[PDB]
Each structure stands twice: as structure tokens, then as C-alpha cells.
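Asker: Pasting protein_25.pdb here (PDB, C-alpha atoms (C1' of nucleotides)):
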ATOM      1  CA  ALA O   3      23.172  16.788 -53.276
ATOM      2  CA  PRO O   4      21.587  19.466 -51.063
ATOM      3  CA  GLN O   5      18.642  17.092 -50.400
ATOM      4  CA  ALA O   6      19.658  14.589 -47.713
ATOM      5  CA  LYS O   7      22.338  17.149 -46.895
ATOM      6  CA  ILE O   8      19.971  19.662 -45.410
ATOM      7  CA  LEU O   9      18.263  17.615 -42.703
ATOM      8  CA  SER O  10      21.055  15.861 -41.377
ATOM      9  CA  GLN O  11      19.862  12.254 -41.616
ATOM     10  CA  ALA O  12      18.664   9.894 -44.349
ATOM     11  CA  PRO O  13      14.885   9.429 -43.945
ATOM     12  CA  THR O  14      12.354  10.098 -45.298
ATOM     13  CA  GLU O  15      10.070  10.962 -48.195
ATOM     14  CA  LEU O  16       8.399  13.756 -46.250
ATOM     15  CA  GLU O  17      11.635  15.324 -45.102
ATOM     16  CA  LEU O  18      13.123  14.902 -48.550
ATOM     17  CA  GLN O  19      10.163  16.623 -50.181
ATOM     18  CA  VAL O  20      10.629  19.347 -47.580
ATOM     19  CA  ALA O  21      14.332  19.562 -48.343
ATOM     20  CA  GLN O  22      13.690  19.837 -52.059
ATOM     21  CA  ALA O  23      11.229  22.594 -51.233
ATOM     22  CA  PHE O  24      14.058  24.209 -49.259
ATOM     23  CA  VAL O  25      16.231  23.774 -52.320
ATOM     24  CA  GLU O  26      13.641  25.302 -54.642
ATOM     25  CA  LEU O  27      13.439  28.191 -52.158
ATOM     26  CA  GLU O  28      17.240  28.420 -52.140
ATOM     27  CA  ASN O  29      17.094  28.591 -55.933
ATOM     28  CA  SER O  30      15.056  31.822 -55.528
ATOM     29  CA  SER O  31      17.943  32.596 -54.736
ATOM     30  CA  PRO O  32      19.563  35.651 -53.465
ATOM     31  CA  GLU O  33      18.130  36.935 -50.205
ATOM     32  CA  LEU O  34      16.365  33.697 -49.397
ATOM     33  CA  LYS O  35      19.251  31.309 -50.097
ATOM     34  CA  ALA O  36      21.653  33.530 -48.150
ATOM     35  CA  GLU O  37      19.949  32.577 -44.890
ATOM     36  CA  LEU O  38      18.279  29.331 -45.949
ATOM     37  CA  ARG O  39      21.440  27.381 -46.710
ATOM     38  CA  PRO O  40      22.511  27.032 -43.028
ATOM     39  CA  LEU O  41      19.011  26.362 -41.727
ATOM     40  CA  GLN O  42      18.456  22.627 -41.561
ATOM     41  CA  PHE O  43      15.780  20.713 -39.682
ATOM     42  CA  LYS O  44      16.053  17.191 -38.332
ATOM     43  CA  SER O  45      12.774  15.372 -38.506
ATOM     44  CA  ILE O  46       9.120  15.890 -39.400
ATOM     45  CA  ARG O  47       5.881  14.739 -37.842
ATOM     46  CA  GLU O  48       2.671  14.722 -39.834
ATOM     47  CA  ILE O  49      -0.420  14.540 -37.670
ATOM     48  CA  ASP O  50      -4.140  15.109 -37.785
ATOM     49  CA  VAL O  51      -6.184  18.258 -37.508
ATOM     50  CA  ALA O  52      -9.679  18.191 -36.043
ATOM     51  CA  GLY O  53     -10.945  19.529 -39.367
ATOM     52  CA  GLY O  54      -9.692  17.955 -42.564
ATOM     53  CA  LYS O  55      -6.040  18.997 -42.753
ATOM     54  CA  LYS O  56      -2.827  17.644 -41.322
ATOM     55  CA  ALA O  57      -0.090  19.446 -39.443
ATOM     56  CA  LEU O  58       3.648  19.427 -40.116
ATOM     57  CA  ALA O  59       5.938  19.582 -37.094
ATOM     58  CA  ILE O  60       9.432  20.451 -38.290
ATOM     59  CA  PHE O  61      11.989  19.588 -35.620
ATOM     60  CA  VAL O  62      15.179  21.626 -35.320
ATOM     61  CA  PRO O  63      18.580  21.342 -33.524
ATOM     62  CA  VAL O  64      18.018  24.651 -31.593
ATOM     63  CA  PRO O  65      21.080  26.595 -32.368
ATOM     64  CA  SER O  66      19.434  27.311 -35.711
ATOM     65  CA  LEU O  67      16.205  28.601 -34.202
ATOM     66  CA  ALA O  68      17.408  32.191 -34.571
ATOM     67  CA  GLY O  69      17.641  32.206 -38.362
ATOM     68  CA  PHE O  70      14.592  29.975 -38.466
ATOM     69  CA  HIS O  71      12.903  32.562 -36.247
ATOM     70  CA  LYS O  72      13.988  35.300 -38.605
ATOM     71  CA  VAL O  73      12.005  33.722 -41.399
ATOM     72  CA  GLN O  74       9.238  31.314 -40.378
ATOM     73  CA  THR O  75       6.704  33.418 -42.344
ATOM     74  CA  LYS O  76       7.956  32.569 -45.774
ATOM     75  CA  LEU O  77       8.667  28.967 -44.963
ATOM     76  CA  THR O  78       5.223  28.520 -43.525
ATOM     77  CA  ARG O  79       3.627  30.334 -46.463
ATOM     78  CA  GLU O  80       5.497  28.403 -49.151
ATOM     79  CA  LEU O  81       5.265  25.015 -47.453
ATOM     80  CA  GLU O  82       1.565  25.451 -46.679
ATOM     81  CA  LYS O  83       1.249  26.609 -50.303
ATOM     82  CA  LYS O  84       3.046  23.684 -51.862
ATOM     83  CA  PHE O  85       2.078  20.904 -49.460
ATOM     84  CA  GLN O  86      -1.543  21.912 -49.198
ATOM     85  CA  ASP O  87      -4.116  20.351 -46.871
ATOM     86  CA  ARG O  88      -1.523  21.090 -44.165
ATOM     87  CA  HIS O  89      -0.627  23.494 -41.383
ATOM     88  CA  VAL O  90       3.121  24.006 -41.286
ATOM     89  CA  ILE O  91       5.066  24.844 -38.167
ATOM     90  CA  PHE O  92       8.659  24.616 -37.046
ATOM     91  CA  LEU O  93       9.753  23.596 -33.576
ATOM     92  CA  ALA O  94      12.946  22.965 -31.698
ATOM     93  CA  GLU O  95      14.106  19.563 -30.523
ATOM     94  CA  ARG O  96      14.706  20.330 -26.871
ATOM     95  CA  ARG O  97      16.200  17.661 -24.704
ATOM     96  CA  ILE O  98      14.296  16.727 -21.574
ATOM     97  CA  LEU O  99      16.465  15.174 -18.917
ATOM     98  CA  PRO O 100      14.754  13.106 -16.245
ATOM     99  CA  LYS O 101      14.017  14.171 -12.718
ATOM    100  CA  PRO O 102      16.564  12.902 -10.185
ATOM    101  CA  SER O 103      15.298  10.171  -7.918
ATOM    102  CA  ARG O 104      16.821   7.898  -5.351
ATOM    103  CA  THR O 105      16.951   5.045  -7.889
ATOM    104  CA  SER O 106      17.910   6.957 -11.037
ATOM    105  CA  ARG O 107      20.728   9.389 -10.336
ATOM    106  CA  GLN O 108      22.852  11.755 -12.404
ATOM    107  CA  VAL O 109      25.890  13.961 -12.016
ATOM    108  CA  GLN O 110      26.140  17.199 -14.009
ATOM    109  CA  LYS O 111      23.081  17.914 -11.972
ATOM    110  CA  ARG O 112      20.034  19.158 -13.969
ATOM    111  CA  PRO O 113      19.515  22.820 -14.928
ATOM    112  CA  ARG O 114      16.053  24.261 -15.145
ATOM    113  CA  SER O 115      16.494  24.970 -18.857
ATOM    114  CA  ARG O 116      16.498  21.223 -19.344
ATOM    115  CA  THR O 117      13.492  20.502 -17.104
ATOM    116  CA  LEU O 118      10.186  19.351 -18.450
ATOM    117  CA  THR O 119       8.004  22.313 -17.627
ATOM    118  CA  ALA O 120      10.388  24.726 -19.284
ATOM    119  CA  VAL O 121      10.596  22.582 -22.387
ATOM    120  CA  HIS O 122       6.816  22.426 -22.530
ATOM    121  CA  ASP O 123       6.489  26.170 -22.079
ATOM    122  CA  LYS O 124       8.961  26.753 -24.889
ATOM    123  CA  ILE O 125       7.158  24.379 -27.229
ATOM    124  CA  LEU O 126       4.159  26.663 -26.887
ATOM    125  CA  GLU O 127       6.286  29.706 -27.568
ATOM    126  CA  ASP O 128       7.446  28.097 -30.812
ATOM    127  CA  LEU O 129       4.028  26.849 -31.923
ATOM    128  CA  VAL O 130       2.762  30.440 -31.765
ATOM    129  CA  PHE O 131       6.149  31.442 -32.868
ATOM    130  CA  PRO O 132       5.103  35.103 -33.354
ATOM    131  CA  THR O 133       2.510  36.657 -31.039
ATOM    132  CA  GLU O 134       4.133  36.930 -27.630
ATOM    133  CA  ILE O 135       1.656  35.288 -25.259
ATOM    134  CA  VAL O 136      -0.063  37.814 -23.023
ATOM    135  CA  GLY O 137      -1.063  35.268 -20.421
ATOM    136  CA  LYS O 138      -1.547  31.705 -19.401
ATOM    137  CA  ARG O 139      -4.414  30.398 -17.339
ATOM    138  CA  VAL O 140      -5.045  26.844 -16.177
ATOM    139  CA  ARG O 141      -8.500  25.597 -15.364
ATOM    140  CA  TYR O 142      -8.648  22.526 -13.189
ATOM    141  CA  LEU O 143     -11.937  20.892 -13.976
ATOM    142  CA  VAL O 144     -13.984  18.893 -11.492
ATOM    143  CA  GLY O 145     -13.468  15.738 -13.544
ATOM    144  CA  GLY O 146      -9.813  15.821 -12.520
ATOM    145  CA  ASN O 147      -8.993  17.126 -15.972
ATOM    146  CA  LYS O 148      -6.751  20.076 -16.795
ATOM    147  CA  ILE O 149      -6.905  22.651 -19.556
ATOM    148  CA  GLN O 150      -4.561  25.494 -20.400
ATOM    149  CA  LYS O 151      -5.735  28.782 -21.828
ATOM    150  CA  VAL O 152      -3.069  30.741 -23.673
ATOM    151  CA  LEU O 153      -3.750  34.421 -24.109
ATOM    152  CA  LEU O 154      -2.400  35.861 -27.325
ATOM    153  CA  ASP O 155      -1.886  39.400 -28.516
ATOM    154  CA  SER O 156      -4.210  40.755 -31.181
ATOM    155  CA  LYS O 157      -1.242  41.612 -33.441
ATOM    156  CA  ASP O 158      -0.505  39.248 -36.338
ATOM    157  CA  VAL O 159      -2.970  36.615 -35.185
ATOM    158  CA  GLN O 160      -4.301  36.758 -38.763
ATOM    159  CA  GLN O 161      -1.377  34.624 -39.884
ATOM    160  CA  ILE O 162      -2.336  31.704 -37.654
ATOM    161  CA  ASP O 163      -6.047  32.213 -36.936
ATOM    162  CA  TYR O 164      -6.671  29.073 -38.981
ATOM    163  CA  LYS O 165      -4.132  26.884 -37.137
ATOM    164  CA  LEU O 166      -5.351  27.012 -33.544
ATOM    165  CA  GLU O 167      -6.986  23.614 -33.415
ATOM    166  CA  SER O 168      -3.975  22.119 -35.122
ATOM    167  CA  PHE O 169      -1.723  23.628 -32.475
ATOM    168  CA  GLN O 170      -4.099  22.335 -29.832
ATOM    169  CA  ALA O 171      -3.969  18.846 -31.258
ATOM    170  CA  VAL O 172      -0.200  19.035 -31.567
ATOM    171  CA  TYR O 173       0.373  20.059 -27.999
ATOM    172  CA  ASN O 174      -2.156  17.486 -26.884
ATOM    173  CA  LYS O 175      -0.445  14.778 -28.911
ATOM    174  CA  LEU O 176       3.102  15.573 -27.778
ATOM    175  CA  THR O 177       2.680  16.878 -24.256
ATOM    176  CA  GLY O 178      -0.603  15.326 -23.260
ATOM    177  CA  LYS O 179      -2.517  18.403 -22.101
ATOM    178  CA  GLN O 180      -5.646  20.100 -23.403
ATOM    179  CA  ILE O 181      -5.359  23.603 -24.769
ATOM    180  CA  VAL O 182      -7.192  26.674 -26.012
ATOM    181  CA  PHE O 183      -6.079  30.085 -27.207
ATOM    182  CA  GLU O 184      -7.683  33.471 -26.710
ATOM    183  CA  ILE O 185      -7.260  37.070 -27.805
ATOM    184  CA  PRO O 186      -8.460  39.890 -25.582
ATOM    185  CA  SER O 187      -9.999  42.825 -27.387
TER     186      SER O 187
ATOM    187  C1'   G R   1     -23.181  29.939  58.059
ATOM    188  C1'   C R   2     -26.281  28.578  63.166
ATOM    189  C1'   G R   3     -26.650  30.484  68.289
ATOM    190  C1'   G R   4     -28.346  36.967  72.227
ATOM    191  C1'   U R   5     -35.436  33.314  74.978
ATOM    192  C1'   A R   6     -40.345  30.291  72.226
ATOM    193  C1'   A R   7     -32.699  27.768  67.808
ATOM    194  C1'   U R   8     -35.837  23.531  60.950
ATOM    195  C1'   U R   9     -27.920  23.293  62.595
ATOM    196  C1'   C R  10     -25.732  23.424  69.919
ATOM    197  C1'   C R  11     -27.055  19.438  74.288
ATOM    198  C1'   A R  12     -30.344  15.245  75.174
ATOM    199  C1'   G R  13     -35.305  12.329  73.703
ATOM    200  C1'   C R  14     -38.324  10.968  69.465
ATOM    201  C1'   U R  15     -38.550  10.438  64.162
ATOM    202  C1'   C R  16     -36.005   9.904  59.675
ATOM    203  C1'   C R  17     -31.618   9.760  55.577
ATOM    204  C1'   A R  18     -27.052   7.415  53.644
ATOM    205  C1'   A R  19     -23.535   3.382  53.787
ATOM    206  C1'   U R  20     -23.291  -1.181  56.004
ATOM    207  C1'   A R  21     -19.453  -5.239  58.953
ATOM    208  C1'   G R  22     -17.950  -1.674  57.700
ATOM    209  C1'   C R  23     -18.235   3.733  58.685
ATOM    210  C1'   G R  24     -15.709   8.281  59.867
ATOM    211  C1'   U R  25     -11.615  11.428  60.899
ATOM    212  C1'   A R  26      -6.608  13.574  59.490
ATOM    213  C1'   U R  27      -2.759  14.139  56.045
ATOM    214  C1'   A R  28      -0.462  13.426  50.853
ATOM    215  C1'   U R  29      -2.245  12.550  46.077
ATOM    216  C1'   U R  30      -5.381  11.850  41.867
ATOM    217  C1'   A R  31      -9.663  13.416  37.969
ATOM    218  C1'   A R  32     -12.688  17.427  39.093
ATOM    219  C1'   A R  33      -8.754  21.667  36.987
ATOM    220  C1'   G R  34      -9.507  24.047  29.953
ATOM    221  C1'   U R  35      -7.350  26.745  38.111
ATOM    222  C1'   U R  36      -0.678  25.200  34.518
ATOM    223  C1'   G R  37      -3.315  24.897  29.210
ATOM    224  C1'   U R  38       0.956  20.077  23.266
ATOM    225  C1'   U R  39      -4.191  18.748  22.645
ATOM    226  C1'   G R  40      -6.145  23.450  25.611
ATOM    227  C1'   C R  41      -5.785  28.947  29.388
ATOM    228  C1'   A R  42      -5.281  34.325  29.918
ATOM    229  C1'   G R  43      -2.915  39.519  29.172
ATOM    230  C1'   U R  44      -7.591  47.337  27.267
ATOM    231  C1'   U R  45     -10.354  47.370  32.128
ATOM    232  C1'   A R  46     -10.716  41.531  36.328
ATOM    233  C1'   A R  47      -3.265  39.305  37.862
ATOM    234  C1'   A R  48      -0.228  40.043  34.052
ATOM    235  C1'   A R  49       2.664  43.539  26.912
ATOM    236  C1'   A R  50       9.359  44.769  28.852
ATOM    237  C1'   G R  51       9.395  52.642  28.227
ATOM    238  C1'   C R  52      11.157  51.911  23.209
ATOM    239  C1'   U R  53      14.713  50.045  19.691
ATOM    240  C1'   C R  54      19.037  47.036  17.810
ATOM    241  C1'   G R  55      20.870  42.139  18.474
ATOM    242  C1'   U R  56      23.793  36.711  19.162
ATOM    243  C1'   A R  57      22.115  31.947  20.314
ATOM    244  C1'   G R  58      17.196  29.790  19.775
ATOM    245  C1'   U R  59      12.547  29.266  17.129
ATOM    246  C1'   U R  60      10.883  30.038  12.167
ATOM    247  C1'   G R  61      11.199  31.063   7.276
ATOM    248  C1'   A R  62       8.243  32.691  -0.246
ATOM    249  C1'   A R  63       7.424  29.980  -4.956
ATOM    250  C1'   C R  64       9.760  26.654  -8.525
ATOM    251  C1'   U R  65      12.491  21.096 -11.234
ATOM    252  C1'   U R  66       8.023  13.971 -15.271
ATOM    253  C1'   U R  67       4.953   9.231 -14.322
ATOM    254  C1'   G R  68       5.397   2.030 -15.819
ATOM    255  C1'   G R  69       1.609  -3.417 -15.629
ATOM    256  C1'   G R  70      -3.533  -4.574 -16.679
ATOM    257  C1'   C R  71      -9.075  -3.929 -15.563
ATOM    258  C1'   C R  72     -13.380  -0.930 -14.578
ATOM    259  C1'   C R  73     -15.610   3.822 -13.810
ATOM    260  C1'   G R  74     -17.203   8.180 -15.126
ATOM    261  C1'   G R  75     -16.201  13.390 -17.027
ATOM    262  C1'   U R  76     -14.154  17.024 -21.482
ATOM    263  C1'   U R  77     -13.039  18.510 -25.142
ATOM    264  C1'   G R  78     -12.113  16.769 -30.059
ATOM    265  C1'   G R  79     -13.539  15.168 -34.274
ATOM    266  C1'   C R  80     -16.858  11.389 -37.393
ATOM    267  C1'   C R  81     -21.358  11.992 -38.355
ATOM    268  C1'   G R  82     -26.931  16.641 -36.948
TER     269        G R  82
END
Would you write the structure of this file as C-alpha cells?

Answerer:
Amino acid sequence: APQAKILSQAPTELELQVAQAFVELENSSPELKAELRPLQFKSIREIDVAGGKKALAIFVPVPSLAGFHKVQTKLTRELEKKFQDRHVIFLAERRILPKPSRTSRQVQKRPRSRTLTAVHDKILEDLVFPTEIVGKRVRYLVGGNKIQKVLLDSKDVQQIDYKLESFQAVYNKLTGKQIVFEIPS
RNA sequence: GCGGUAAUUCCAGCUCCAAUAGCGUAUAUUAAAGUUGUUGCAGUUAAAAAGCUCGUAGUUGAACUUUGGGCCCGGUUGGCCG
């Protein structure tokens, strides 16, 4: 049973469909299976897109992100292909530890890898996964609101030019901040 | 500052001003005085930047690390519709 095997937890129908897709990809087999057998995800989050589609957020343990990062292209192509009406993307379950206060207090202090801002920055880096961000800008709007511009490279934006709003909605839903992307020319 | 022959200031007389049963004088002090400066001084030339540099105390010193209630308010994007 490489179905509930490859997550590493029982639920649920979405993740199981995904796992059986993984399995059907593994059955390719040779080059795909070779690096797709160790790569397991943990959970999935299906959420809205401003258009019609939904968006798959595939959560990961983050020692697997390397092999996941080697592929991403073929998993996003095949999963978007099979599970249509969707925008697929993988992400890493990064633990956020709370900020030390006088009430709450923790030994094994709190490295900056585990802080919130870093985790949020990395989430963006994985949403894009390709296309090394050229810049970030943050407008602070007079209505006390905040928006982040993320400046992308023109290379390989064709692969994700149809996912921007989904990424925006995702980051807004998880992190709570508004978002926009941009490519200089 | 007045005053050396016809003194608007001296000495008297007259007239008048202020304060008033209190007034003046002298000294010390106070704000005035941002003329001792934390607020708040100054330093080309008016008094004052060490001949210049290092340097201990001293003074000072880049940026960075997630939030419980509820109500109202209005923005700014998003869709859903145009």
C-alpha cells in the first residue's frame, strides 16, 4: 500500500487521490519513480482562486524540499493536468515558534530561522518556487493597510503566469497580507 | 552728563511730578540675565577651536526576531455580478 504510506498520515480523500497520482507517476516508472518514492508530503489545503479555479497547497516536512525542488515542474504539470480546475503548488511546513515575552518564556532560545518573518519570506520563495525574486517592495497605504510587491525575473514566468492571483489569495489566506507580483522588462 | 556770566540739573524762592504715614539712602540678593545658557548662549573677524595626531576612563553608538474578547467606523484590493 503506497497510498497512505506516502503522506505519512491517514486522511484524506484529497491527499489519497494525490498519493495515487504519485503512485501512477511512480509507475512511469524509471527516472520519475527513482526520485518520487522518497518524496512524501504531509497535508493538502484546497482553497479558492479569485477566478473560477481552486488552489492546492501541498505541505511538506522540509528535509524533502530538495528533491521536491528538483522536480516541481512535472508534479505541477501532471497534478494540474489530472486534477483540473486547480493551481497546484508545493510548500514546506515550517515551524513558527513564538516570540519570547515576560509571560511566555522558553529555553533553547529562538533562532531567526524559526522566526515568523523568515518563515513568511520563505513561503513566498516556495510559492514562486522557480523565478528568484528580484525585489520586494512594501507600500503602506493611507488606510493603514499594507501591500507587498514581489518583483520577479522575466525567466520562466510563463510556467506560472496564470497562478499569480491564486498565489496572492494563498498568501493572503495563510499569512494575512495583501500581495502583487511584477516583472520588470 | 550739568557747571568757565544771562546754568531747562548747583544754592535759595516760586511752580509742578511721584509715593504717601510712609519715603529715601547703603549693602547682599532676586527676575531683568537667553550676561552662565538642561529648556537656552557664543567661538572666521567682536573674548574664546588645543599646532596636529594616537589614546584609557567617560559620553555615545547601525538594522533585524507575531497579536486574544466583542461593537462601530471607514479604506483596498478581491471576487460575485457591468

Asker: Given only C-alpha atoms (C1' of nucleotides) as the basis, pick out the residue of O:6, O:144, O:130, O:18 nearest to residue 74 in chain R.

Answerer: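 Closest residue, counting only C-alpha atoms (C1' of nucleotides): O:144.
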
Asker: Tell me, in Å to one decimal, how far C1' of residue 75 in chain R is from CA of residue 142 in chain O.

Answerer: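 Going from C1' of residue 75 in chain R over to CA of residue 142 in chain O covers 12.5 Å.
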
Asker: Counting all atoms listed in the file, which residues of chain O come no farther than 7 Å from chain R, as a ChimeraX atom specification?

Answerer: /O:52,100-101,114,117-118,145

Asker: Quick check, in Å to one decimal: how far apart do CA of residue 74 in chain O and CA of residue 156 in chain O lie?

Answerer: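 CA of residue 156 in chain O lies 18.8 Å from CA of residue 74 in chain O.
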
Asker: Quick one: pull the distance between CA of residue 34 in chain O and CA of residue 67 in chain O, Å, one decimal.

Answerer: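 A separation of 16.0 Å between them.
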
Asker: Can you tell me which residues surround residue 54 in chain O at a distance of at most 12 Å, considering all atoms listed in the file, apart from same-chain residues fewer than 3 positions away, and format the answer as a list in words?

Answerer: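 The filter keeps residues 49, 50, 51, 57, 86, 87, 88, 89, 165, 167 and 168 of chain O; 79 and 80 of chain R.
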
Asker: As a short mmCIF file (atom, residue, chain, number, x, y, z; two decimals) with C-alpha atoms, in the frame of the given file, please: the residues near range 21-33 of chain O (cut-off 10 Å, all atoms listed in the file, same-chain neighbours under 4 positions excluded).

Answerer:
data_model
loop_
_atom_site.label_atom_id
_atom_site.label_comp_id
_atom_site.auth_asym_id
_atom_site.auth_seq_id
_atom_site.Cartn_x
_atom_site.Cartn_y
_atom_site.Cartn_z
CA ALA O 3 23.17 16.79 -53.28
CA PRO O 4 21.59 19.47 -51.06
CA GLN O 5 18.64 17.09 -50.40
CA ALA O 6 19.66 14.59 -47.71
CA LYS O 7 22.34 17.15 -46.90
CA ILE O 8 19.97 19.66 -45.41
CA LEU O 9 18.26 17.61 -42.70
CA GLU O 15 10.07 10.96 -48.20
CA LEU O 16 8.40 13.76 -46.25
CA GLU O 17 11.64 15.32 -45.10
CA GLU O 37 19.95 32.58 -44.89
CA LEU O 38 18.28 29.33 -45.95
CA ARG O 39 21.44 27.38 -46.71
CA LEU O 41 19.01 26.36 -41.73
CA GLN O 42 18.46 22.63 -41.56
CA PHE O 43 15.78 20.71 -39.68
CA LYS O 76 7.96 32.57 -45.77
CA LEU O 77 8.67 28.97 -44.96
CA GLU O 80 5.50 28.40 -49.15
CA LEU O 81 5.26 25.02 -47.45
CA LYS O 84 3.05 23.68 -51.86
CA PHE O 85 2.08 20.90 -49.46
#

Asker: Check what the PyMOL selection byres ((chain O and resi 179-181) around 9) selects in the file above and give those residues as a ChimeraX atom specification.

Answerer: /O:147-152,167,169-171,173-178,182-183 /R:77

Asker: Give the answer as one residue: which of O:46, O:55, O:92, O:184 has the shortest atom-to-atom distance to residue 127 in chain O, using all atoms listed in the file?

Answerer: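 Nearest to residue 127 in chain O: O:92.
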
Asker: For each of O:116, O:14, O:56, O:93, take the minimum atom-to-atom distance to residue 68 in chain O, counting all atoms listed in the file, then give the residue where this is smallest.

Answerer: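 Using all atoms listed in the file, residue 68 in chain O sits closest to O:93.
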
Asker: Set the distance at 7 Å and use all atoms listed in the file: which residues neighbour residue 95 in chain O once local chain neighbours fewer than 4 positions away are removed? I'd like the list as a PyMOL selection string.

Answerer: chain O and resi 61-64

Asker: Kindly extract all protein, DNA and RNA residues lying within 6 Å of the coordinates (5.6, 17.5, -36.7) given in the file, considering all atoms listed in the file, and supply them as a count of residues only.

Answerer: 6

Asker: Since I can't run it myself right now, could you work out what the PyMOL selection byres ((chain O and resi 132) around 10) selects here and report it as a ChimeraX atom specification?

Answerer: /O:71,74-75,127-131,133-135,154-155,157-159,161-162

Asker: Taking all listed atoms of range 29-42 of chain O, build the axis-aligned box, pad each of the six sides by 5 Å, then write its centre and edge lengths in Å to one decimal as AutoDock Vina command-line options.

Answerer:
--center_x 18.8 --center_y 29.8 --center_z -48.7 --size_x 17.5 --size_y 24.3 --size_z 24.4

Asker: Place N, CA, C and O atoms on range 4-16 of chain O and deliver the coordinates as a compact mmCIF listing (two decimals), keeping the file's coordinate frame.

Answerer:
# COMPACT_ATOMS: atom_id res chain seq x y z
N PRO O 4 22.12 18.73 -52.22
CA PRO O 4 21.59 19.47 -51.06
C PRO O 4 20.23 18.95 -50.59
O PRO O 4 19.48 19.71 -49.97
N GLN O 5 19.92 17.67 -50.83
CA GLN O 5 18.64 17.09 -50.40
C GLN O 5 18.70 16.38 -49.05
O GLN O 5 18.15 16.87 -48.06
N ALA O 6 19.36 15.22 -49.00
CA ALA O 6 19.66 14.59 -47.71
C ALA O 6 20.73 15.32 -46.93
O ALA O 6 20.90 15.06 -45.73
N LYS O 7 21.45 16.23 -47.57
CA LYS O 7 22.34 17.15 -46.90
C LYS O 7 21.65 17.99 -45.84
O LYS O 7 22.19 18.15 -44.74
N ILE O 8 20.47 18.51 -46.14
CA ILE O 8 19.97 19.66 -45.41
C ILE O 8 19.08 19.28 -44.25
O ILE O 8 18.28 20.10 -43.79
N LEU O 9 19.08 18.00 -43.84
CA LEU O 9 18.26 17.61 -42.70
C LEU O 9 19.24 17.55 -41.55
O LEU O 9 19.63 18.60 -41.00
N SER O 10 19.72 16.38 -41.17
CA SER O 10 21.06 15.86 -41.38
C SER O 10 20.82 14.41 -40.98
O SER O 10 21.33 13.96 -39.95
N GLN O 11 20.08 13.68 -41.80
CA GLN O 11 19.86 12.25 -41.62
C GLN O 11 19.08 11.72 -42.80
O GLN O 11 18.41 12.50 -43.50
N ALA O 12 19.17 10.42 -43.08
CA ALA O 12 18.66 9.89 -44.35
C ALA O 12 17.16 10.08 -44.48
O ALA O 12 16.72 10.82 -45.37
N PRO O 13 16.32 9.47 -43.64
CA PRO O 13 14.88 9.43 -43.94
C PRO O 13 14.21 10.79 -43.79
O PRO O 13 14.76 11.65 -43.10
N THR O 14 13.05 11.04 -44.42
CA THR O 14 12.35 10.10 -45.30
C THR O 14 11.63 10.92 -46.32
O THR O 14 11.93 12.09 -46.45
N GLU O 15 10.66 10.32 -47.03
CA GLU O 15 10.07 10.96 -48.20
C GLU O 15 9.51 12.34 -47.86
O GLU O 15 9.65 13.28 -48.64
N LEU O 16 8.94 12.47 -46.66
CA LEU O 16 8.40 13.76 -46.25
C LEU O 16 9.50 14.78 -46.10
O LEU O 16 9.45 15.87 -46.68
